[PDB]
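**Student:** what shape does this take:
(5 chains, ligands or ions: 9)
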Amino acid sequence: XXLXXX
Amino acid sequence: XXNXX
Amino acid sequence: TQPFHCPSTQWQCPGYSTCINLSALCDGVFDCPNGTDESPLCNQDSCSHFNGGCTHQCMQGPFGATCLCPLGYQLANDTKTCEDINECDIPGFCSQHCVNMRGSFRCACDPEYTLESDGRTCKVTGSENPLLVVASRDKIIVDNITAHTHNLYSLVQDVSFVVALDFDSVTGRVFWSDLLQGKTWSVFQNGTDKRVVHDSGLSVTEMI
Amino acid sequence: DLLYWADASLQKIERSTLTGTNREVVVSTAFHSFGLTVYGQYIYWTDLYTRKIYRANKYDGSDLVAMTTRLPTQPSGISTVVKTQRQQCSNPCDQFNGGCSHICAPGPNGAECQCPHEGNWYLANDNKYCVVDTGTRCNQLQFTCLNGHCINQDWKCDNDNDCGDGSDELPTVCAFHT
Amino acid sequence: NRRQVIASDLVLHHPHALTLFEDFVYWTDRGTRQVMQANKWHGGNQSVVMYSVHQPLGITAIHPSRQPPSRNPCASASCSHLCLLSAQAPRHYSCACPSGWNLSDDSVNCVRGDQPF
Ligand SMILES: *[C@@H]1O[C@H](CO)[C@@H](O[C@@H]2O[C@H](CO)[C@@H](O[C@@H]3O[C@H](CO)[C@@H](O)[C@H](O)[C@@H]3O)[C@H](O)[C@H]2NC(C)=O)[C@H](O)[C@H]1NC(C)=O
Ligand SMILES: *[C@@H]1O[C@H](CO)[C@@H](O[C@@H]2O[C@H](CO)[C@@H](O)[C@H](O)[C@H]2NC(C)=O)[C@H](O)[C@H]1NC(C)=O
Ligand SMILES: *[C@@H]1O[C@H](CO)[C@@H](O[C@@H]2O[C@H](CO)[C@@H](O)[C@H](O)[C@H]2NC(C)=O)[C@H](O)[C@H]1NC(C)=O
Ligand SMILES: *[C@@H]1O[C@H](CO)[C@@H](O)[C@H](O)[C@H]1NC(C)=O
Ligand SMILES: *[C@H]1O[C@H](CO)[C@H](O)[C@H](O)[C@H]1NC(C)=O
Ligand SMILES: [Ca+2]
Ligand SMILES: [Ca+2]
Ligand SMILES: [Ca+2]
Ligand SMILES: [Ca+2]
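**Tutor:** Numbering: from 1, shown residues only, chains lettered A, B, ... in the order given. Ligands and ions are numbered 1, 2, ... in the order given. See below for the structure:
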C-alpha cells in the first residue's frame, strides 16, 4: 500500500 | 491458496 | 534394587561413574577429566567468617558456601554481595507510577484508575464500556469491548470516505472527517443528531 | 537437541525438545514458510509469499532480517553447506552388513534391517533375514534359510551347508554365533 | 527514554494509526486490512480484533480514562474569538484570532484585517 491516503 | 511450491 | 550408583559418603563426577568421597571433593587439581571434581566457587569461604562474607545469608553445599538473597534482591557481580533490583526499570512492570524501594517497589495510579489485588496492575475506576471505533472506507465501525468479546455495528449511515476519528468526552460526540465529501461531522455515540463542523476549507484531513 | 518446525498456515515457527514437550514460538508471523534450517545462532527459512529468505535468533526471534531481496521466482527448499564433520559415530551396519541380508539401518539398539521395495517380503530370524511371504511359516525350532527353505536351528551355522544356496552358512549370521 | 514495543517483526506491514487503553495498544494496518491488539509495553499477547474489507485508517478508544479532566485556565480568559491553551507558566492560555484578523495590542481583542490580498 502506498503512503498517500488518496 | 495452494500449498504446493 | 541393587542401585546403579554409589550411595552413602560418595559423590559422582557427572559424565562418568567415578565415585569420590566427601574429602576428595575439590581436593586439588581438576582430576576428573570433565572438570567437575572442582568448581570455581568451591570452598571460597567457610560460611563462618562473619556470615562467610555473604551480606545476607551463606550456606555451604558440596562445593562450598553459597550466598542467598531475600526474594527481591539479586546477587551482584561479586558473588558475596546481594543488591536491590530496580523493578521500575523493567518497562511495564508497574503500569502507571513506580517507586523503587530497598528490595521492594511501590505502585500507584491516577484517580481515574484503581490498583488491583496484585500491586502492579491498575484498572479503570469507572465501569462504562471501553468503546473502540475504526474508520473503514464507507462505514464507521464501532466495537463494544467487553469480556474478551467484540460486537460490531455501524455508527452512522451516510459516510463515503472517513479517514480520521476523535471523540469529545464532555458532549459524548464522535468527530470524523470525510475525504470525498470534504467535510467534518459530529454525531452522538448512538448515531443520532449528526451535524457538520467544517463544510469547507478541508482538502485532506490526515488526523483530527 | 531441539526440534524446529515451521507452519505455513498458522504462520509461525515453533521449537520443542526432541520428545516434543516444551512447545514455544520462536518467531510468530513467519508468513508462508517452506523448508527451514538451523545453523549457528540463527534459523533460516524460505517464504513462498514474499519470495525472500529470512533469519531470526534461534531462542527468541529478535534479530529478524531478510537475507535477500524479493527473489524473482518463489524460492523453495534450503540447506546449509558445512565443511566440518558433524557428530561422527560408529554405525553397526558396517560390520558384516549388520548381520542382515542386504539392507540395514542403525536403529536405537543395534542394526535394524528391512526388505527391498519390490516383492511380497516379510521378516524372519529375529527380523534379520528377508524372505518372500508365501503364506507359510516355520515353528520356533527351524531356522529359515533364504527363499523359504527352513531347517532345524541346530544345523544353523554349523560350518556346513544345509540349504540349496548356502544361506545358512553366510558370514552375516556366522560373524557372531554361539 | 525511547523503547521498542514491536520491532523487527512481521506483524506490521503498513500500520497507519493507533490508540491506547489500560496496558493495551490497538492499531490499524493498511497493508493487511485488519485491526490489531497487543500489549503496549512489550508487544506480547497479540490478536486480531477486526478484519475489514477496506483499508482501516482511523481508530480511537472511547472512554473517560482516555480523556482525563483538569482545570480550564481558558475558561477565565477574556479573549475574543479563539482562546488557546499554552505551556507558559503565568497564565497557560493565549488569545488568538482567525485567518484575516489582526491581533490588537490589548492581546485579547482582535479586529478584522481589511488589508488587500
Ligand atoms: C443518544 O445519546 C445522547 C447522549 O447525550 C442523548 O442525548 C440526551 O437525550 C436526553 C433525552 O432526550 C436529554 O435529556 C433531556 O434534557 C432536556 C433539557 O435539555 C430535559 O428537558 C429533558 O427532561 C431530558 O432530561 C439529554 O440532555 C441529551 N444529552 C445531551 C448531552 O444533549 C440522545 O437522546 C440519545 N438518542 C437516543 C435516540 O437515544
Ligand atoms: C456495550 O454493551 C453493553 C452490554 O450489552 C451495553 O450496556 C447495556 O446498555 C443498555 C442501554 O442500551 C442498558 O439498559 C443495559 O443495562 C446495559 N447493560 C450492561 C451490562 O451494562 C452498552 O450500552 C454497550 N455500549 C455501547 C455504547 O454500545
Ligand atoms: C502473553 O500472556 C502470557 C500470560 O497469559 C504471558 O506469559 C507469562 O508472562 C510473564 C511475564 O513475562 C512470565 O513471568 C510468565 O512466566 C509467563 N507465563 C507463561 C504461561 O508463559 C506471555 O509472556 C505473553 N506473551 C508474550 C510472548 O510475552
Ligand atoms: C561483571 O564483571 C565483568 C568483568 O569486569 C564484566 O565484563 C561484566 O560485564 C560484569 N557483569 C555484570 C552484569 O556486572
Ligand atoms: C547361540 O546359542 C545360545 C544357546 O544358549 C543362544 O541361543 C544364543 O542366542 C545363540 N546365539 C547365536 C548368535 O546363535
Ligand atoms: Ca580434584
Ligand atoms: Ca527495589
Ligand atoms: Ca549349517
Ligand atoms: Ca512496511
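
**Student:** from chain E, which residue is nearest to chain B?
**Tutor:** As assessed by Cβ to the nearest Cβ, chain B sits closest to residue E:32 within chain E, at 14.8 Å. Using the backbone N, CA and C atoms, a C-beta is placed for each residue, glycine as well.

**Student:** ok, and the closest non-adjacent residue to that residue?
**Tutor:** Leaving out its chain neighbours, the residue that sits closest to residue E:32 by Cβ to Cβ, 6 or more residues apart in numbering or on different chains is residue E:13, at 5.2 Å.

**Student:** does the residue of chain E closest to chain B touch residue E:15 like I think?
**Tutor:** No. In this structure, residue E:32 is not within contact of residue E:15 by Cβ atoms under 8 Å, at 9.3 Å.

**Student:** these two: which has the busier surroundings?
**Tutor:** residue E:32 (19 against 15; other Cβ atoms under 10 Å in any protein chain shown).

**Student:** related to what we said a few turns ago, separation between the residue of chain E closest to chain B and residue E:52?
**Tutor:** Here the criterion is Cβ to Cβ, to the nearest Å. By it, residue E:32 lies 10 Å from residue E:52.

**Student:** what do you get for residue D:111?
**Tutor:** Taking Cβ to Cβ, one finds residue D:111 at 61 Å from residue E:52.

**Student:** how about residue C:159?
**Tutor:** In terms of Cβ to Cβ, residue C:159 sits 14 Å off from residue E:52.

**Student:** how about stretch D:21-34 and chain B, touching?
**Tutor:** Yes. Using Cβ under 8 Å from any Cβ of the partner chain, stretch D:21-34 reaches chain B at D:32, D:34.

**Student:** which element is the residue positioned nearest the centre of chain D on?
**Tutor:** Residue closest to the average C-alpha location in chain D (Cα atoms, centre = their mean): residue D:105, at 7.4 Å. Using DSSP states H and E, the element containing residue D:105 is strand D:104-106.

**Student:** what lines up beside that strand in the sheet?
**Tutor:** Counting by DSSP bridges, the strands paired with strand D:104-106 are strand D:111-113 (antiparallel).

**Student:** need the next SSE after the partner strand, C-terminal direction.
**Tutor:** Using DSSP H and E, the helix or strand that follows strand D:111-113 towards the C-terminus is strand D:121-124.

**Student:** the next helix or strand after that next one: partners in the sheet, and parallel or antiparallel?
**Tutor:** Counting by DSSP H and E, the element after strand D:121-124 in chain order, helix or strand, is strand D:129-132. Paired strands of strand D:129-132, with direction, are strand D:121-124 (antiparallel) (DSSP bridges).

**Student:** just the C-alpha atoms of the strand it pairs with, please, in PDB.
**Tutor:** Provided in PDB are the C-alpha atoms of strand D:121-124 (Å, rounded to 0.1, in the frame of the first residue of the first chain):
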ATOM      1  CA  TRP D 121       8.600 -59.700   1.500                       C
ATOM      2  CA  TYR D 122       8.300 -60.500   5.300                       C
ATOM      3  CA  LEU D 123      10.900 -60.600   8.100                       C
ATOM      4  CA  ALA D 124      12.300 -63.700   9.700                       C
END
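
**Student:** residues of chain D that sit close to ligand 1?
**Tutor:** Proximity of chain D to ligand 1 (Cβ under 6 Å from any ligand atom) involves no residue at all.

**Student:** what does chain D put close to ligand 8?
**Tutor:** By the rule Cβ under 5 Å from the ion, the part of chain D lying against ligand 8 is D:155, D:158, D:160, D:162, D:168.

**Student:** measure the closest residue to residue C:140 other than its chain neighbours to residue C:199 for me?
**Tutor:** In space, and not counting its chain neighbours, residue C:140 is closest to residue C:155: 4.4 Å by Cβ to Cβ, 6+ apart. Here residue C:155 is placed at a distance of 20 Å from residue C:199 (Cβ to Cβ).

**Student:** out of those two, which sits in the busier spot?
**Tutor:** The neighbour comparison of residue C:155 against residue C:199 (other Cβ under 10 Å) goes to residue C:155, with 22 against 11.

**Student:** who are the contact partners of the more buried one?
**Tutor:** With contacts defined as Cβ atoms under 8 Å, 6 or more residues apart in numbering or on different chains, residue C:155 is in contact with C:133, C:140, C:141, C:142, C:174, C:187, C:189, C:191.

**Student:** and of those residues, the nearest to residue D:52?
**Tutor:** residue C:141 (33.1 Å; Cβ to Cβ).

**Student:** quick one: the helix or strand the closest one falls within near ligand 2?
**Tutor:** In the assignment (DSSP H and E), residue C:141 maps to strand C:140-144. Yes. Using Cβ under 6 Å from any ligand atom, strand C:140-144 comes into contact with ligand 2 via residue C:144.

**Student:** hmm, residue C:137 and residue C:161 touching each other?
**Tutor:** Yes. Counting by Cβ under 8 Å, residue C:161 does reach residue C:137; the two are 5.7 Å apart.
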